[PDB]
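S.K.: got a sequence here, can you model it:
(one chain, ligands or ions: 2)
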Amino acid sequence: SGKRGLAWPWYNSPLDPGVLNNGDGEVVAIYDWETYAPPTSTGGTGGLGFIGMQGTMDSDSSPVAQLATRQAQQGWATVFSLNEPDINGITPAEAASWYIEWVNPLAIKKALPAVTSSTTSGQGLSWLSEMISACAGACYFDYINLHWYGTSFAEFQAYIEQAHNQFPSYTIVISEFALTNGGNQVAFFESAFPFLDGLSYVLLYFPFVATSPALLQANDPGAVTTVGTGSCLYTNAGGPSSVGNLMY
Ligand SMILES: OC[C@H]1O[C@@H](O[C@@H]2[C@@H](O)[C@H](O)O[C@H](CO)[C@H]2O)[C@H](O)[C@@H](O)[C@@H]1O
Ligand SMILES: [Cl-]
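M.R.: Numbers count the residues shown, from 1 in each chain. Ligands and ions are numbered 1, 2, ... in the order given. Pasting the structure now:
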């Protein structure tokens, strides 16, 4: 049907995911970096499939002891694992043993931890390569999960092609991508959507970020500094932004 998803933050109570779901089927998924249902203005997900995410090894709001319980209650078809462990002081071996213990048991589609686009040893795809070696085939997974932030569509295209060249038998989900602050976000996503839509090895992609600029600044001011406000899919009024209009 389509590959587009909403990267839906915890602070999004005021907003309606259904605004970006016009029935044509391009937008199919939503995740909220947690294992509880997306906070929304309707209480529901606007007809999108929620993907559970165990983004840290354990937290108050997503206790890992409740991960199997939540998947069973909510009936997710897919689950995401750790968010950027490659820059959060989690070794590939630690992630492999944690994944085997906690994520393996969910008999659904599963993604390995979202890694950053760093080229440094022990980060990014180097980290992911070490985690797959530490797994030694004992991790069950369907997808590798990528983040990308950078300065041009050309650089993004080169990064996705690099990932595929290095992992050619693997399926990719992109859980966060945008330009860093300054660039034309509309031009970037106008280029990125048709590029990713044509790649049979990319199953899902989620622009950072399905919120409004006012909510981004009020709750994630660090992200405004890094990325700016141009990649927000919503206007402050809670309709589609210029980038949101590209989701339909
Ligand atoms: O993610 C890979 C595949 O995992 C499957 O669940 C696994 C069971 O089939 C397997 O025998 O048990 C393991 C370890 O408990 C489960 O992860 C999913 O059912 C598949 O959908 C998925 O493609
Ligand atoms: Cl990145």
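S.K.: what residues are up against the residue nearest to the spatial centre of the chain?
M.R.: For the chain, the residue nearest the mean C-alpha position is residue 175 (1.8 Å; C-alpha atoms, centre = their mean). By C-beta atoms under 8 Å, 6 or more residues apart in numbering, the residues touching residue 175 are 7, 31, 80, 111, 114, 145, 146, 147, 204, 206. For every residue, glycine as well, the C-beta is placed using N, CA and C.
S.K.: for residue 156, same thing?
M.R.: Here residue 156 is in contact with 148, 150, 177, 188, 192 (criterion: C-beta under 8 Å, 6+ apart).
S.K.: please determine how far the residue of the chain positioned farthest from its centre is located from ligand 2.
M.R.: Residue farthest from the centre of the chain, counting by C-alpha atoms, centre = their mean, is residue 136 at 25.1 Å. In this view, residue 136 and ligand 2 are 27 Å apart by C-beta to the ion, to the nearest Å.
S.K.: do you have the helices of this protein handy? List them.
M.R.: Along the chain, counting by DSSP state H, helices occupy 67-74, 92-102, 124-135, 153-166, 185-197, 213-219, 221-227, 242-245.
S.K.: so which of those helices is nearest residue 15?
M.R.: Nearest of the helices of the chain to residue 15, taken as C-beta to C-beta: helix 213-219 at 7.3 Å.
S.K.: from the middle of its chain, how far away would the closest one be?
M.R.: Here helix 213-219 is found 19 Å from its chain centre; the criterion is C-alpha atoms, centre = their mean, to the nearest Å.
S.K.: pull out the buried positions in it.
M.R.: Along helix 213-219, these residues count as buried under the neighbour rule (16 or more other C-beta atoms under 10 Å): 213, 215, 216.
S.K.: can I get the CA coordinates of it in CSV?
M.R.: Taking C-alpha atoms only, helix 213-219 is exported to CSV below (Å, rounded to 0.1, in the frame of the first residue of the first chain):
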residue,chain,number,x,y,z
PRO,A,213,6.8,23.7,15.6
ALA,A,214,5.2,25.2,18.9
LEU,A,215,5.0,21.7,20.5
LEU,A,216,8.6,20.8,19.2
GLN,A,217,10.1,24.0,20.8
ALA,A,218,8.1,23.6,24.1
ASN,A,219,8.9,19.9,24.7
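S.K.: returning to what we had before: return the subset of the contacts of residue 175 lying in strands.
M.R.: 7, 31, 80, 145, 146, 147, 204, 206 (DSSP state E).
S.K.: from the residues you listed, list the ones also adjacent to ligand 2.
M.R.: For ligand 2, the contacts drawn from these by C-beta under 5 Å from the ion are residue 147.
S.K.: make JSON lines out of the ones in strands among the contacts of residue 175 and add neighbour count.
M.R.: Shown next, in JSON lines, are these (neighbours: other C-beta atoms under 10 Å):
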{"residue": "7", "neighbour count": "23"}
{"residue": "31", "neighbour count": "27"}
{"residue": "80", "neighbour count": "26"}
{"residue": "145", "neighbour count": "23"}
{"residue": "146", "neighbour count": "25"}
{"residue": "147", "neighbour count": "21"}
{"residue": "204", "neighbour count": "22"}
{"residue": "206", "neighbour count": "24"}
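S.K.: just flag the most distant two among the ones in strands among the contacts of residue 175.
M.R.: 31 and 146 (14.1 Å).
S.K.: show me what from the protein comes close to ligand 1.
M.R.: Residues of the chain lying near ligand 1 by C-beta under 6 Å from any ligand atom: 104, 105, 107, 108, 109, 110, 140, 141, 142.
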